[PDB]
């Protein structure tokens, strides 16, 4: 049996995840403000994690099990140049988004993914999102089961032959 990494309210809302920084990192991208008219949709660095149980299952199957939790952690750009050269380097943490795959808890949602926003790191739980607010952009464009695995080299290298 595998361990369940998310905790949920009676209404199936994901409680604010603790310890996700010790989950399995799958990739990082950066949409800086200065390259998006000074207001990026999701500022700015994005560090992404999958719970360890679903990583074991992805390692053996290449699919996201029932119970997958993915957390995307946002951080600011801290600087543009360092002794290694020019670019983007992280500053401080900004917030988190999450998505959860569960046919039992979300049978009507596209892919059985529930997308969660979080009003702060202090909040008790996430806020479940409307289909147009998140799932639409992901189904339209993500490379596998509504997860942008074209940007998770850890997942592509870790899936079986």
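Residue numbers count along the first chain shown, from 1.
Relative to its counterpart among 63-71 and 23-31, 63-71 has the higher mean temperature factor, C-alpha atoms as listed in the PDB entry. Mean CA B-factor, 100-108 versus 43-51: the higher value falls on 100-108. Remark: residue 157 belongs to the middle third of its chain, ranked by C-alpha B-factor as recorded. Ranked within its chain, residue 94 lands in the lowest third, by CA B factor from the PDB record. The entry lists a Cα temperature factor for residue 115 that places it in the lowest third of the chain's modelled residues.
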